[PDB]
Amino acid sequence: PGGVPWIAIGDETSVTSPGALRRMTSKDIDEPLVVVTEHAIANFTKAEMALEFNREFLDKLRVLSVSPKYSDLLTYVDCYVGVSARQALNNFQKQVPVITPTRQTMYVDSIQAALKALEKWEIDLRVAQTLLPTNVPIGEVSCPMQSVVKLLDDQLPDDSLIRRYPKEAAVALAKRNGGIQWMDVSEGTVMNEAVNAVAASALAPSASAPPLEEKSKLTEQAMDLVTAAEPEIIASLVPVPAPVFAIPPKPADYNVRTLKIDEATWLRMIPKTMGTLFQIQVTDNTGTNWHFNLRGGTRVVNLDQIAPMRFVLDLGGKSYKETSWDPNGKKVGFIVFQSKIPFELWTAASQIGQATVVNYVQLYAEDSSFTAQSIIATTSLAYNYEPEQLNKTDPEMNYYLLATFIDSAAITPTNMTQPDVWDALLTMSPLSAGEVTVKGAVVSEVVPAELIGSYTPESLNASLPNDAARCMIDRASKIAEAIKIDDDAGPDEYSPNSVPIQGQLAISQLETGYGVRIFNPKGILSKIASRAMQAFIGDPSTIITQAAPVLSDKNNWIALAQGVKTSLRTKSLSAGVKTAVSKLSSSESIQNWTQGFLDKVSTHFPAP
Amino acid sequence: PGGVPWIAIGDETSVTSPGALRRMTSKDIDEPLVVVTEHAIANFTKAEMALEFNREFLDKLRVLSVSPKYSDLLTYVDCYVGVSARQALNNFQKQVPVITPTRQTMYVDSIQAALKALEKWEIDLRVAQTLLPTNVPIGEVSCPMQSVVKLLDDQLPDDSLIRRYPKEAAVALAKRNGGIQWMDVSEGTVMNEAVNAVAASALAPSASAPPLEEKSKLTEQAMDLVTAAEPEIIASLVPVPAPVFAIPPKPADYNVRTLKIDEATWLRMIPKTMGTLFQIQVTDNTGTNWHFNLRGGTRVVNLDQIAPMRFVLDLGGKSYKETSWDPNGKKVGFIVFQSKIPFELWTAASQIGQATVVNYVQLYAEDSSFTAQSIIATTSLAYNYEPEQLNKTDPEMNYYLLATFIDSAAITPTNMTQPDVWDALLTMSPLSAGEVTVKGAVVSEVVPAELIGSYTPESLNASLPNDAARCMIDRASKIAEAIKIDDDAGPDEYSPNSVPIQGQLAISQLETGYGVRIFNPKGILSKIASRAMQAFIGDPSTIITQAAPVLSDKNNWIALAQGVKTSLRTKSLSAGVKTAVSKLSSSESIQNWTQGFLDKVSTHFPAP
Amino acid sequence: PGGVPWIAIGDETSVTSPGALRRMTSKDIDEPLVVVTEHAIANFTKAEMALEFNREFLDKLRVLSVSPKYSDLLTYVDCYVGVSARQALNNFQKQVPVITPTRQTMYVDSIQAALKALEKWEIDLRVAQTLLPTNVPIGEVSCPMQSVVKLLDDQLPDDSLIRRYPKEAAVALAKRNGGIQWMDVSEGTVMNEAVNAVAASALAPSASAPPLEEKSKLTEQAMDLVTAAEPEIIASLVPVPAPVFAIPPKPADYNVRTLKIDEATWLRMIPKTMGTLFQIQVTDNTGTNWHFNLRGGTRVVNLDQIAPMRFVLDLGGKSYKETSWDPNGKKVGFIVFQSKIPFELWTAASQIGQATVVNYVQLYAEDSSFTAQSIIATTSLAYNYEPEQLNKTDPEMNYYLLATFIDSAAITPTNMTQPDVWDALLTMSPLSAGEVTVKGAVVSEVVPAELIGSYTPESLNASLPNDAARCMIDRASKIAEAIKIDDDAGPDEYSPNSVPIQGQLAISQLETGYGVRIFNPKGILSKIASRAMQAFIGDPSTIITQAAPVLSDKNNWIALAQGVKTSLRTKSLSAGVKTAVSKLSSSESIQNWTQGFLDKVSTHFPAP
Amino acid sequence: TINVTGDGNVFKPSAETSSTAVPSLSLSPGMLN
Amino acid sequence: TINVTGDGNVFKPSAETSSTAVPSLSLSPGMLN
Amino acid sequence: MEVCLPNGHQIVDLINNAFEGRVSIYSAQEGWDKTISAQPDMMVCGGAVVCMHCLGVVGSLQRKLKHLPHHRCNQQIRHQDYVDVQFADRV
Ligand SMILES: CCCCCCCCO[C@@H]1O[C@H](CO)[C@@H](O)[C@H](O)[C@H]1O
Ligand SMILES: CCCCCCCCO[C@@H]1O[C@H](CO)[C@@H](O)[C@H](O)[C@H]1O
Ligand SMILES: CCCCCCCCO[C@@H]1O[C@H](CO)[C@@H](O)[C@H](O)[C@H]1O
Ligand SMILES: [Cl-]
Ligand SMILES: [Zn+2]
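Chains as they are written, first to last, in our numbering: chain A, 2 to 609; chain B, 2 to 609; chain C, 2 to 609; chain D, 2 to 34; chain E, 2 to 34; chain F, -11 to 79.
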C-alpha cells in the first residue's frame, strides 16, 4: 500500500470523477493523512529493536520505559488510495495503515532521542566486544568466561559504563552474541540469549562454502561496477554525445619542450636554422609593458579546439643559467596571442596580431646539486583557457599560448638565448567535464568502438586530459575491476569472462579475409583468450593501444564488455572453486589463531 | 515480525511485569527459539530457487532430491514477541514464524551443501552462455539453434559437464533464458521455459527509455556519493572537529630545496651572504659520533605543529659531485635538533641544543646521461615524526629536521660546500588521519566554508599532506562525481545542478556592496553558472583556489553542495534526455552487431 | 511466492511424480505463466507513483489518463508453485499472483512510455526546486511565497514548462514538498499536500541525532568496504592462491640506473673496472642488422620469473650528449637475450646466445634549460614480456632485457661510452592480474600474515608492480577507509577500532619471550594502540613496513582486520558522539544561511 | 483553483518535509524473481 | 540474577553465533514512499 | 581480424626512412629482403607493420612475421597509391 488516503467529498459510493474526492484528514478519525507503507512498517519496527538490545540498561537509566511500538500509532482505515485523485479513484482499499506527519515525526523523535541516550553505552559496549576476539570466521573457540571478565576489568577504560552496570552489560552482550551466556544463579541453567540467530546464519560458512551474505554482496559489487561502466556506452558502435560519454577527468603532465610536434597536434613551433629572431612588446591587463623575444625554436600551445583548460607551469628544478643570464630575480609569463597568421610563419613583430601577458611570476634561483648550475624555485604560473571569454569570431583567427622570460627592460638576444621556458613541468586540468577531445581536438560525439586499438603509446601520452581514450580507459577499468572480483582464474585457465573473446576468435579465423589463414584448436584459442583478459585486467589501456594482441580488435572488446553482464547475472549465490577452498582454509587458520590468543588470555588471567 | 518468542512464565494471561515472561523454548512445541522475519522468509526462499534452476542436473547427479523448502521448517506460534521482555510484554502475536538456531543452521547448510555440488556445473553453464552472445541490449536477434550447438560442441572445454549432460544443460539454460527454447519432440510444441520474465522486464529498454533497473541504480550511486561526501560537513559555516572533517590522506612530494620559504611555512633557513659556517658533531642512538656542517643556505623542517608525519628522502638521480667531493660511498642522514634558539639565528655549534642522527644510509653513485656528472642511486631514507615520542614540554623549544652529508671524519668545508642534501625528492605521509593542518600548522577544528577560495596555487602545492584543503578537495570530488553521473549537459546548457549557483549569482548582483555594479540577464547568469559547475567537475580543486571565477565565493559553493541533494532526491526513475536517446541508439548498434556475429556463426556451422 | 505456476497434467489431486505436472499456461484462465513475487508487486507499484506525482500535468497533456495499476493485471490462481517440477510438486498454493511475459512487458512499457513523456517536465520541475533553496538540513525556514514566484519568474529558462503550466507545477511541487503549500482560493484553506511524510522522517535530524537514513547508509558503506577487502584473505595465516589474493594492479616507475642491484633482485650488471667491452650485432624481426656495445656497467632486466609484464621507456629530459656523440637522430632499442651464461659473466660476443632487437625508436634532441646539455624528446619505447611467447624450456636458459643505443653503423666505443640508456624513466605495467610476485619473483600462493612487517622502504620501492605487498596494501586501505568512516577519535583517544590492538599488546607484554620485559598500564597500551591505528589509516603501507611500531607485528594486524567486522556489525543505527554534535551544529549553520538567503530574496522581489 | 500569485500561499521548507519523489527502488534480478 | 564473576558462565564465540545488532536498514526515500 | 590505420607520426617515420633507403619491406616473393624488387605486401612504419593492401596495422616489430597476417583487408590500396614511397626508398 502507498500514497495518501482519499475520502468521498460528500457522496457515499456515488463517487465518479477525481473531483468527487478529497484528502482524508485527521478530522475523519486537523492534519492531512499519509499511507504508511508495508516497507516503512517493517523497517521502523526493526529500528525499535535497536533500543530493545539495551532495554536492561535503558531502564536502569530511568529513561524511555515506554518502548515506541510503531504499529501502535498506526490507524487502519477503509478508503481510496493513491498519490493522485485519479489513481486513488479506481483503487479502494480496506484497512490501510495511515498516520499524520506530526505523529510520524513524534515517533521517530522518540527513537532518535533514545539512541542519543544510548550514545556512549553503544560505544563502551562495542569496545568490550573488540578488546578481545568476540567472534570467529569459522568453527568455534572458547575461553574461561572468568578469564575474559578478568581481562576486561584489567583493560577497559575507567569511564566505561560497563564498570558501572556489569550485569546490564552482560545481558546486552548475551542479547547479541549467542556465544556469550550467563548462567542463571537461580536454576544453574545456561543458554543462548541472542536474538539474532537468523541473521548470523547468513554470515557463517558451511563445511565447504563461504557465507551466503559474502557471496551475495561481492557479486552485487561486481554488477554495480559493470552498471557504472555502462556496457551500452563503452561498446557502442554508433556516435555517443560527448557529454554522455565523458566522466570526471584527471590532470596530466607534460614537458612541452620534450613533446614531439608530430605527436602532440596541439603544439606549433618556429623552425630553427632560419636565423629567425625578433623582439616584441606586449602589455598585461594593467597596462604594464613587457619585453620578450621570439626566435627559432619557440613553441606555443594552439589553444583553439582544446576545450576549457587550466594550465599550470612549474619551472622548479630547471636551470636556464647562461653566461650572461641569471634566472634569479627574472620573470616569466604566459602570453596569449590572437593572429590570423600561422605561428610557424612568424619572423617579424608585425605578424603577432593581438597579444596580452595574462599572468607572470618572479623566479627565485639557488644552487643545485649539479655544480655550476642554478636551480629555480617551484612555480605555479597559471592560466585558464575559457573559449567563451576569447570569443573566436573570425575563422582565420589562431589562438596561441607562450611561456617565456618577460622583462621591463628589452631582453638582449645574445644574453638570454632560450626560445621559451617550456622546458618545465606543465600540468593541464580540464575546466569542463562535458567536452571530449580525440588526439588534440574537440569532437561533439564519440564512437567508443573505433577508439579500440587506434592509439600508439606516443599518441596516448600526448593526448589532452580530456581525450576520449583516457575516458574510455577509466570506464573500462570498472569492467576489469568487476571481472576480477568474480574471476580467480590462474594463468591460461578459461573462465566465464574469457570465453567471450574465444568465441570471437573462433569465428574470426574462419572468416574469409586476406593473408595467410591459420587454424587454432579450441584449446589454444581458449588460452589466447585467457591471456587477453588478464592483460586487460592488468592494464586496461591495452584496449585502446595499437596492435595490442587481442584487445586491439573491436569485436573482442564488444564481446567481453557485453559478455560480463551475462556472466554475472546468471550466477546463483556462487563463488569460485579455487576461492571457496581458500576462504575456508584461511577462516580456519584465523579461528585457530583466535583460540591460541584466548589461551594466552586464560593463562594470564587464570580462572579461580 | 521480529525478535524472540516469549511465553507466560507460569500464569496464563495474568502476565503483568517483564518478570512474568521467559524465553519460549523448543520444549513448548531444549533450544531457545527465534522469530523468523518476513524478510528472512522471502530471501531464504529465493535462495532455494538457486538450486531449482538446476533441478534436472541435481537429480541426474543423485544428490539433494529433497529440495530444502524453508516454510516447511517454520513453526507458527501464538506468543508475546520482542527483543526484550518489556517490549514483548505489550506485543502479543498470533501465528509467529519461529525456529531454533540448530534448525536454521541445518537448513542453510543444506542450501550451501547443494551450491557446493553445483560448483562446476555453475561455471560450465555460464561458459556456455557467454561463449557466444546469449543476450542483446535491445530488440531481438536469432540464429539456427543447430548452428549454436554446433559452435558450442566445437569450442566448449573438453571437461565441460555440458558435454556429459546436454539435455540437462538445455533445460538449465531454457529455465533462465526465455530466448532459448527446446522443442518437445512429443508434441512439436515449443515455448518459453524461463522462470524470470518479471526480473528481465526491469532490465530491458522501452521504445524510448533505458532500463528501469539502470536508471534506478545509477541515481542510487549518485546519492551514495553525495552521502559519503557529507553535504552538512563540506558546506558547514561553523567549526568542525578535525577528526570528523578528515578522511584517509594521500602522500605528497616536494623538493625542499626548490620550495619558497615564504610559501612553505614549515621551513627555516640559515641566511646566505653572512659567511655563516660551522662544523658540528652529533651521535646516533648507538652512540656513534658523526660529522657534518651547517652553513649559509642550510634548510630544515620545523617539526613542531605538523602532526604525526613520515618522511622519506630520495636522492636518486642527483649529483652532488664537486671538485673535491664524490658522493659515491658517502653517507647522508636525518638529524633532529631540539633547541630554544630559532634556526635562522644559528652561527655557532653552541646553539644547536640537543641533536641526534636518527637515521642514515650510504650512497652509491655512478655516471649519468649528463657528462661529467655522477648520478646517485635511489634512496629511501626514512624518519617518523611522532609528537608523543619527542614530548615537547618547554614552549620555547623548537624541533628541527635536517638532511645532510654525515661522515666519520670531519667534513672539510671547502670540499663539500652544499648546505644540505635537501635538493632531492621528499615524500611526506601522514601518520594519523585524525589531525588536520591549514597551511603548515595543526588546527583542532576546521570551518569548511572559509577554506573556499583562500588558497593560491603556490600555497596549495606547499601545504602538508594532511592539509584541510586537500581533504576538502577529496570530499568535494565525490560531489563532482555525483553530479556527472546525473548531468549530461553540454557547454553553456543549464541543468538542475547548475542553477543553484545561478540563484546565488542572481541575488548577489543585486545586493548592495561596493564597486561598479553590473546587471546580467537571467540568460547570461545561467551560462556563467553552467561553466562554473563544469570547471568544478573538471577540477574540484577550483573551489579552494583563490580568485577562481565563481566557485571562489563560499555562497555559490554552499548552494551547489546543498542543492545536489534536492536535485537527486526529487527524481523519478528518470534519465537525461540526451542520454536516453544515446543509450537506445547505442543499444541498437550493439544488437545489430550481435546479429551480424550470429550470422557468421550460422555461416561457419551450417544447420542441416 | 515465486517461480512458475504448475497444473496437474490431467489428473486432479492424484498428482505424484514431477511428470504429473505441466507449466500452467494462459489457456487455463497461449503464453506460459510466471509468478509475480511479493517484492515485484511492491516495487512496480511504487513505480506507478512516479507518474502520479505529475498527474495534474499528464492529464493537462492529454496522455496516459489510464494510470497503469499493476495489481489490476495480476491474476490470482490456486496451483503448485516452483522453479522446477519437483519443488512445485510439494508446494501447492492458494491465490498465487500470476502473469504472462507479454502482459508484464506491456505493463512496464506503459510506465516507461509515461516517464518518457515526463522527460522534460521532470527536469524543469527539478530546476525550479534547486534554483533557490527548497529544503533545509535541520529546522525550518520561510519566505514570502510571492517573492519566491517572483524570483522564479525572473530566472527560470524561457522554455520552462513551468511557465506554461504554473498551476500544474504548483500541485507537482506541493505533492512532494510539504513545505510548499498553495491556498485554496475557495475555502481560504491551506495545508500540506505532500505524499512523502514517512520518507522524509528518515532524512531529518532529531534534537540530538543525525538522520537515521544517513547513519544507516554510512555504516552500510563501511561494511561494504570491509567485505570488499576480504578479512579472511588479508588476515589469513595459511597460503592463499595468487589468483585469489590478487586484485587489479597499478603501474610503477623506476630508473633502472639508480636502482641498487642488492635491492632490485630483477637486475643484472656487468662489473666495472674490468675493462669489459665488446661490440655485437643483432637483427630485428625484419632481418635488419643493428650495432651496439655491451661493457662495464651495462644493466639488464632478468625477465625470467617476473610474470606477464609491459615495459615502456621514456628517455625524455635526459642528455647522453658526449664529446663525440649527439643523441639527436640516434636510435635506441630494446634487445631480448636468451643465453645459458649468466649476464654478469659476459665479456665476449660469443656468450650472448640468441638475441633479437624487439623494438626501437629514433631520438630527437634539442637544447635544455641546462647549458651545454642536450635534452632528448619524450619516448615511449615499449616491450611486452609474454612468458608463453618465449616458451622457456631449458632450465639453464636466462632471459634478459637491455636498452641501449643501436645503429646501422658500428658504434665506436670511445665515442658513445654509456653502458646503456637505462638512466631513463621506466614504467612497468602487469599484463596479468592472476599472478603475484614477492620481491622480484613469481609465487603460486601468498601467506598474507607473513607479509606483515617484512619489507624495508628500499625493498618496497624496488618491488615489481605485481608484488604481493602492493596488493596487500590496496586491500588493507579499504579497511582503513572503513574504520575512518566510523571512527571520529582524536589523538590518543580509544575506540572500538583501536582496542583490538590493545588486547594483543596487553597479553603480548605478559607472554614469556626473551629480552628486558616491560609493563605498561592499560592507559598507556590504550594510547599506543590508538596511535598505531591512526598511523595505519594515514599510511596503510605501514603494515608491510619493517619495524613499523605496532603494525609490524602480524598479531596486531589480524586482531584489527578481524576486529573491524565485529566493531561495525554490532552497531545500532549509531553515530559517533563527537560527530553527532558536529553534524547538528553544522546543519544549524546551513539552516541559518538558508534563511539569510531567503531574506535577500524577499528583499529583492518584495511581496505585494 | 489556486493563485500562484496570491496571498495565503506557504513557502516553509523544513527538515521534516524534505522533498523526495522516487529516485531509486529495489529492482535487482534476484529480488524480483 | 547472574554472576559476572561466577562459574557456569559461557564464552564460546562461534561462526554460527556471529554477533550483530542493527548496523543498517532499508531507508531510501523511494522505498519508504 | 579487424585492423586500424597507423598514426600520423608513424607515416612521418616511413617517409623519413624512405629517404635514407631503409624502409623495411616485405614481399611474398622475397620476404624481408628487398635486394630484389617485388611488390610490397607490408612495410614497417614507425614500429608498426602495415599491410600495403589496406594500410592497416597487422603487427609490430615485437613479434616476428613470416607472412602477411590473415586479416579483414579492404584491399583498396593500390600499388600506384604508395609506389612514390617505394620509389623514393629504392632510389
Ligand atoms: C558483560 C560482562 C562485563 C564484565 C566487565 C566487568 C568489569 C568489572 O568492573 C569492575 O567491577 C568491580 C567489582 O564490581 C568494581 O569494584 C570496579 O570498580 C569495576 O570497575
Ligand atoms: C544446452 C545445449 C548444449 C549444447 C551443447 C552440446 C555439446 C555436444 O557435446 C558432444 O555431444 C556428442 C553427441 O552426444 C558427444 O559424442 C560428444 O562427446 C560431446 O562432447
Ligand atoms: C509552482 C509555482 C511556479 C511559479 C512559477 C511562475 C512562473 C511565472 O511564469 C510567467 O507567468 C506570467 C503570468 O501568467 C506569464 O505572462 C509569463 O509568460 C510566464 O512566463
Ligand atoms: Cl532492499
Ligand atoms: Zn590488408
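For each residue, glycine too, the CB sits at the ideal point set by N, CA and C.
Check                                                                                                                                                                             : Outcome
According to a CB-to-CB cut-off of less than 9 Å, which residues of the segment 229 to 263 of chain B neighbour chain C?                                                          : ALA229, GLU231, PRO232, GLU233, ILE234, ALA236, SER237, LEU238, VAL239, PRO240, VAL241, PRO242, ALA243, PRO244, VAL245, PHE246, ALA247, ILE248, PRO249, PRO250 and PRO252
Would you say the segment 552 to 572 of chain A touches the segment 586 to 601 of chain A, given that touching needs at least three Cβ pairs under 8 Å?                           : no
Label A/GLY11 either buried or exposed according to how many other C-beta atoms from any shown protein chain fall within 10 Å of its C-beta, with 16 as the threshold for buried. : exposed
How many angstroms separate the CA atom of A/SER531 from the CA atom of B/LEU74?                                                                                                  : 45 Å
Below 7 Å on C-beta distance, what does E/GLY31 contact in chain C?                                                                                                               : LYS47
Measuring only the C-alpha atoms, how far is F/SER48 from A/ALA548?                                                                                                               : 7 Å
Count the other CB atoms within 10 Å of the CB of A/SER202; is the residue buried (16 or more) or exposed (fewer)?                                                                : buried
Any idea if B/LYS121 is buried or exposed, counting beta-carbon neighbours within 10 angstroms, 16 or more meaning buried?                                                        : exposed
Chain C partners of B/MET192, CB-CB under 9 Å?                                                                                                                                    : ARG24, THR26, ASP31, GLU32 and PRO33
Taking C/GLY288 as the query, report the chain F residues whose CB atoms sit under 7 Å from its CB, ordered along the chain.                                                      : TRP20 and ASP21
To the nearest whole angstrom, what separates the beta carbons of A/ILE502 and A/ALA477, a pair I think is in contact under 8 Å?                                                  : Not quite, the Cβ-Cβ distance comes to about 14 Å (not below 8 Å), so this is no contact.
At 9 Å on the CB atoms, spell out the chain D contacts of A/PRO102, in chain order.                                                                                               : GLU17 and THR18
Check whether the Cβ of B/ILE124 lies closer than 7 Å to any heavy atom of ligand 2, and answer yes or no.                                                                        : no
Output the residue ranges of the alpha helix (DSSP H) runs that lie fully inside the segment 158 to 189 of chain A and measure 4 residues or longer, sorted by chain position.    : 167 to 177
Going by other Cβ atoms of all chains shown within 10 Å of its Cβ, with 16 needed for buried, is F/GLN50 buried or exposed?                                                       : buried
Assign C/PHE520 to buried or exposed, taking buried as 16 or more other Cβ atoms, counted over all protein chains shown, within 10 Å of its Cβ.                                   : exposed
Using the DSSP secondary-structure output, state which residues sit across from B/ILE42 in a beta bridge.                                                                         : DSSP output for B/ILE42 lists no bridge partner at all.
Taking 8 Å as the CB-CB cut-off, is D/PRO14 touching chain E?                                                                                                                     : no
Using three-state DSSP, classify F/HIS(-3) as helix, strand or coil.                                                                                                              : helix
For A/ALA349, count the other beta carbons within 10 Å of its own beta carbon; 16 or more makes it buried, fewer makes it exposed. Which is it?                                   : exposed
Give a yes or no on whether the minimum CB-CB distance between A/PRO458 and chain C is below 8 Å.                                                                                 : yes
Could you work out which residue in A/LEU52, A/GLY516 and A/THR38 is closest to A/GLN96 when comparing CA atoms only?                                                             : A/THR38
Enumerate in chain order the residues of its own chain whose CB-to-CB distance from B/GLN355 is below 6 Å, with the five nearest sequence positions on each side excluded.        : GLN339
Between C/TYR77 and C/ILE100, what straight-line distance do the alpha-carbon atoms span, to the nearest angstrom?                                                                : 9 Å
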